[PDB]
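Chains as they are written, first to last, in PDB author numbering: chain A, 32 to 148, 157 to 292; chain A', 32 to 148, 157 to 292. A prime marks a further copy of an entry chain.
No residue lacks a Cβ here, since even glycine has one placed at the ideal position from N, Cα and C.
Contents: one structure, followed by commentary.
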Ligand SMILES: Cc1cc2nc3c(=O)[nH]c(=O)nc-3n(C[C@H](O)[C@H](O)[C@H](O)COP(=O)(O)OP(=O)(O)OC[C@H]3O[C@@H](n4cnc5c(N)ncnc54)[C@H](O)[C@@H]3O)c2cc1C
Ligand SMILES: Cc1cc2nc3c(=O)[nH]c(=O)nc-3n(C[C@H](O)[C@H](O)[C@H](O)COP(=O)(O)OP(=O)(O)OC[C@H]3O[C@@H](n4cnc5c(N)ncnc54)[C@H](O)[C@@H]3O)c2cc1C
């Protein structure tokens with residue numbers, strides 16, 4: 032019939048293909064360059080989703096995401112290129128994670144086989168944490184503040200605003216938030232939540248009732264951690280619905 | 032330097048590439064066939080591990096794992112082929128999971144985008168469970184029984200033998216064990232364990248002491264669930280060490 036659900040195969044697709052680029056030689060040979068290029072070209076033919084194939088092809092033939100011999104120069108250039116392609120897809124989907132190229136380098140380099148000290160167990164322990172540790176998507180603080188009132192009105196208790204309070208103090212600056220020890224907790228919390236909703240078919244936007252059009256309680260809890268399942272357009276749309284409800288409420292009482 | 036740790040990129044590699052095969056048309060065109068074949072041929076050039084590339088190439092040029100136009104006939108033939116390639120690698124590593132082609136079909140088909148009823160949330164809920172639900176490796180009951188005595192002697196309490204007791208009653212028949220409701224629990228338990236050991240650098244074989252050469256307590260708990268981090272050769276080796284210790288003990292007392 033159709034292709035496969037993007038949220039099922041997507042992450043494995045990225046993790047594996049980013050790993051492929053970090054397995055590229057520091058000094059490829061004309062042969063290596065040709066072998067990898069052809070691989071990445073063929074990748075565009077097999078992604079199990081038509082639209083995905085089209086966007087990817089478009090991306091690899093324009094701008095800085097263009098697959099060219101300069102990209103294939105070395106490991107740095109190849110890994111930087113795929114990092115950019117990944118950003119290109121994120122932007123297309125209007126979702127952000129706030130990861131710098133350096134972040135991606137520190138992550139995948141910890142995967143590098145270090146047959147020193157077969158790789159030692161304490162070294163792999165570190166690698167595995169980096170593999171299992173998921174980076175949840177980010178939403179700017181100015182967007183989230185539009186949901187605080189309704190979150191309170193719907194009964195979400197005080198403990199759920201803790202992280203938001205920390206973020207406010209740091210002016211919603213992600214580069215600073217990422218340096219906080221609690222950033223690790225933020226990601227683990229958001230991940231369990233996102234998984235909880237996915238596994239229990241919990242929608243992000245209220246389908247019926249008075250709250251129709253605004254975030255569900257679980258989605259609100261995610262937003263309070265500057266995370267969300269919604270993309271930029273969907274968040275702004277949710278904000279507009281929340282304000283329709285607040286405005287109309289004010290005028291009737 | 033080297034390639035990347037196989038246990039970090041491997042699973043994403045399989046999940047994504049199996050998803051690729053299920054995204055293959057029911058009736059490919061000469062063009063499709065050529066496009067996918069070239070992709071899978073190039074896959075062998077980019078796996079971030081030299082030995083892995085060699086084995087894969089060897090596999091796709093011999094026996095039933097050979098990449099040929101007959102394989103590329105349709106979705107059934109292509110998915111059956113990659114399932115066989117996966118089995119080939121499992122056999123090379125001497126690790127088993129007991130998954131039939133049908134098992135793999137039921138799993139990946141649940142990933143198929145079903146734009147009926157954008158795919159509905161309750162449908163995705165099912166898909167996500169299949170994605171997150173990991174199948175832990177299996178070890179035959181006759182192998183495991185060699186570790187029961189030492190497991191008892193080392194203080195492992197009774198609750199850890201529960202599943203083993205169920206398995207004994209079913210004659211260690213995996214096709215029957217997989218039909219049990221507790222099979223789902225078995226896999227979740229083994230998965231957390233395997234992850235716990237990986238994340239905490241807990242070895243599978245005692246490095247020092249009197250128990251040197253035999254499974255560590257955590258490894259023993261896994262074995263009691265007919266699971267293990269050890270491959271066939273390593274399990275038989277562990278058995279031999281356990282018997283050296285039992286035999287020598289008997290003769291000195
Ligand atoms: C080549 C390719 C093309 C795709 N094209 C589409 C498409 O057009 N449409 C569509 O709907 N889906 C597409 N997808 C899937 C989509 O990109 C997501 O993977 C999917 O929506 C799942 O999202 P997620 O939130 O579950 O996790 P993911 O987005 O898969 O994973 C989140 C993780 O991504 C990492 N990350 C984020 N940004 C970067 C970066 N720049 N570099 C490295 N790691 C980063 C973080 O560490 C975070 O933990 C594509 C996937 C691939 C592999
Ligand atoms: C193309 C390729 C070649 C590889 N070659 C090597 C190699 O030569 N040497 C090496 O050390 N590593 C190799 N690896 C990696 C290795 O196969 C494992 O993925 C890795 O050891 C991680 O094992 P794991 O136990 O963490 O999980 P994994 O083995 O990655 O995942 C376990 C999951 O595999 C699924 N599964 C098991 N059998 C099948 C099957 N036949 N069909 C579909 N799903 C199945 C189960 O559902 C189970 O949950 C290769 C990986 C790929 C993608």
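Under 9 Å between C-beta atoms, does residue 261 of chain A make it to chain A'? By one-based count along the first chain, residue 261 of chain A stands at place 222. Not closer than 9 Å to any Cβ of chain A', the Cβ of residue 261 of chain A fails to qualify, so no.
In chain A', what lies closer than 7 Å to residue 113 of chain A by C-beta? Within the first chain, residue 113 of chain A is the residue found at index 82, counting from 1. Chain A' residues near residue 113 of chain A: none, gap ~12 Å exceeds 7 Å.
Option in A':96, A':217, A':113 and A':76 with minimal Cα separation from residue 55 of chain A': As a first step, residue 55 of chain A' must be located in the second chain, where it is residue number 24. Residue 55 of chain A' has its Cα closest to that of A':113, out of A':96, A':217, A':113 and A':76.
Where residue 180 of chain A' sits in the DSSP three-state scheme: Numbered from its first residue, the second chain carries residue 180 of chain A' at position 141. Three-state result, residue 180 of chain A': helix.
Drop a sphere of 10 angstroms on the beta-carbon of residue 48 of chain A, count the other beta-carbons inside from all chains shown, and report buried for 16 or more, exposed for fewer. Walking along the first chain from the start, residue 48 of chain A turns up at place 17. By the 10 Å Cβ count, residue 48 of chain A comes out buried.
I want to verify the contact list: residues of chain A whose CB lies under 8 Å from the CB of residue 238 of chain A', in sequence order. In the second chain, counting from the first residue as 1, residue 238 of chain A' sits at position 199. Correct list: 164, 167, 168 and 171.
Tell me whether residue 35 of chain A' sits in a helix, a strand or coil according to DSSP, three-state version. Here residue 35 of chain A' is taken as the residue at index 4 of the second chain, counted from 1. In this structure, residue 35 of chain A' counts as strand in the three-state DSSP scheme.
Taking 8 Å as the line, does the beta carbon of residue 118 of chain A' fall inside it for any heavy atom of ligand 2? Within the second chain, the letter at position 87 stands for residue 118 of chain A'. Within the cutoff, so yes.
DSSP beta-bridge partners of residue 244 of chain A: In the first chain, residue 244 of chain A corresponds to position 205, counting from 1. Note: residue 244 of chain A sits in a beta bridge opposite A:254.
By alpha-carbon positions, which one of A:234, A:285, A:258 and A:163 ends up nearest to residue 174 of chain A? Residue numbering aside, residue 174 of chain A sits at position 135 when the first chain is read from its first letter. For residue 174 of chain A, the nearest C-alpha among the options comes from A:234.
Going by other Cβ atoms of all chains shown within 10 Å of its Cβ, with 16 needed for buried, is residue 268 of chain A buried or exposed? For the purposes of this step, residue 268 of chain A is taken as the residue at position 229 of the first chain. Buried, because 16 or more other Cβ atoms sit within 10 Å of the Cβ of residue 268 of chain A.
Beta carbon proximity, residue 241 of chain A' to chain A, threshold 9 Å: The residue you call residue 241 of chain A' lines up with position 202 of the second chain. Answer yes: the Cβ-Cβ gap between residue 241 of chain A' and chain A drops below 9 Å somewhere.
Just to confirm my understanding: we take residue 116 of chain A', look at its own chain, exclude 5 residues before and 5 after, and list those with CB closer than 8 Å. What are they? Taking the second chain and counting its residues from 1, one reaches residue 116 of chain A' at position 85. Here the set comprises 87, 90, 91 and 96.
Measuring only from the beta carbon, is residue 80 of chain A closer than 8 Å to any heavy atom that is part of ligand 1? On the first chain, position 49 is the one that residue 80 of chain A refers to. Flag set: Cβ of residue 80 of chain A near ligand 1.
Cutoff 8 Å; reference residue 221 of chain A'; Cβ partners in own chain excluding five residues on either side: The count along the second chain starts at 1 and reaches residue 221 of chain A' at position 182. Once the five neighbours on either side are set aside, the close Cβ partners of residue 221 of chain A' are 202 and 205.
Rounded straight-line distance, which links the Cα of residue 34 of chain A to that of residue 81 of chain A: Residue 81 of chain A sits at position 50 when you count from the first residue of the first chain. Residue 34 of chain A sits at position 3 when you count from the first residue of the first chain. Going by the C-alpha atoms only, they are around 7 Å apart.
Within chain A, the residues that residue 53 of chain A' reaches when beta carbons sit closer than 7 Å: Reading the second chain from its first residue, position 22 is the one you call residue 53 of chain A'. Per Cβ cutoff of 7 Å: 35 and 79.
Does the pairing of the stretch 93 to 108 of chain A' with the stretch 250 to 259 of chain A' give three or more beta-carbon distances under 8 Å? no
Checking the sheet assignment: what are the DSSP bridge partners for residue 143 of chain A'? Along the second chain, read from residue 1 onward, the residue named residue 143 of chain A' stands at position 112. Answer is A:35, bridged to residue 143 of chain A'.
Given that residue 66 of chain A' touches chain A, what residues does it touch there, using C-beta distances under 8 Å? Stepping through the second chain from its first residue, residue 66 of chain A' is reached at position 35. Under the 8 Å cutoff, chain A gives 73, 76 and 77.
Kindly give me the distance between the Cβ atoms of residue 43 of chain A and residue 142 of chain A, rounded to whole angstroms, as I take these residues to be in contact under 8 Å. Looking up residue 43 of chain A in the first chain gives position 12. Looking up residue 142 of chain A in the first chain gives position 111. Rounded, the Cβ-Cβ distance is 15 Å, inconsistent with contact.
What residue range does the alpha helix (DSSP H) around residue 75 of chain A cover? Residue numbering aside, residue 75 of chain A sits at position 44 when the first chain is read from its first letter. Residue 75 of chain A -> alpha helix (DSSP H) spans 61 to 77.
Going residue by residue through the stretch 70 to 126 of chain A, where are the continuous alpha helix (DSSP H) segments of at least 4 residues, counting only ones entirely within it? 81 to 90 and 106 to 124
State the Cα-Cα distance for the pair residue 37 of chain A' and residue 211 of chain A', rounded to the nearest angstrom. Residue mapping note: residue 37 of chain A' aligns to position 6 of the second chain, counting from 1. Residue mapping note: residue 211 of chain A' aligns to position 172 of the second chain, counting from 1. Each residue's alpha carbon lies about 30 Å from the other.
State the CB to CB distance for the pair residue 160 of chain A and residue 240 of chain A', rounded to an integer number of angstroms; the pair is presumed to be in contact (CB under 8 Å). Counting from one through the first chain, the residue named residue 160 of chain A turns up at place 121. Counting from one through the second chain, the residue named residue 240 of chain A' turns up at place 201. Contact holds; Cβ gap of about 4 Å.
DSSP state of residue 264 of chain A mapped onto helix, strand, coil: Within the first chain, the letter at position 225 stands for residue 264 of chain A. Looking at residue 264 of chain A - three-state DSSP - the assignment turns out to be coil, as it is neither helix nor strand.
In chain A', what lies closer than 8 Å to residue 158 of chain A by C-beta? Position 119 of the first chain, counted from the first residue, corresponds to residue 158 of chain A. Those are 36, listed as they occur along chain A'.
Using the Cβ count rule (16 or more neighbours within 10 Å means buried), how would you classify residue 156 of chain A? Missing here is residue 156 of chain A: after 148, the next number in chain A is 157.
Beta-carbon separation (whole angstroms), residue 264 of chain A' vs residue 225 of chain A', contact threshold 8 Å: In the second chain, counting from the first residue as 1, residue 264 of chain A' sits at position 225. In the second chain, counting from the first residue as 1, residue 225 of chain A' sits at position 186. Rounded, the Cβ-Cβ distance is 5 Å, consistent with contact.
Against chain A, with Cβ distances strictly below 9 Å, would residue 264 of chain A' count as a contact? Here the question's residue 264 of chain A' lines up with position 225 in the second chain. For residue 264 of chain A', the answer is no, since every Cβ of chain A falls outside 9 Å of its Cβ.
Strictly below 7 Å CB to CB, what residues from chain A border residue 143 of chain A'? Indexing the second chain from 1 puts residue 143 of chain A' at position 112. Result: 32, 33 and 35.
Mapping DSSP to helix, strand and coil, what is residue 187 of chain A? Counted from its first residue, the first chain places residue 187 of chain A at position 148. Helix at residue 187 of chain A.
With DSSP as the reference, label residue 175 of chain A' as helix, strand or coil. On the second chain, position 136 is the one that residue 175 of chain A' refers to. It is coil, neither helix nor strand.
Answer yes or no: do residue 217 of chain A' and residue 129 of chain A' have a C-beta to C-beta separation smaller than 9 Å? For this step, residue 217 of chain A' is matched to residue 178 along the second chain. For this step, residue 129 of chain A' is matched to residue 98 along the second chain. In this structure, residue 129 of chain A' lies closer than 9 Å to residue 217 of chain A' by Cβ.
For residue 134 of chain A, which option in A:146, A:119, A:110 and A:124 has the closest C-alpha, if you only look at C-alpha atoms? The residue given as residue 134 of chain A occupies position 103 in the first chain. Measuring from the Cα of residue 134 of chain A, the nearest candidate turns out to be A:110.
Quick one: Cα of residue 249 of chain A' to Cα of residue 40 of chain A', how far? For this step, residue 249 of chain A' is matched to residue 210 along the second chain. For this step, residue 40 of chain A' is matched to residue 9 along the second chain. About 36 Å.
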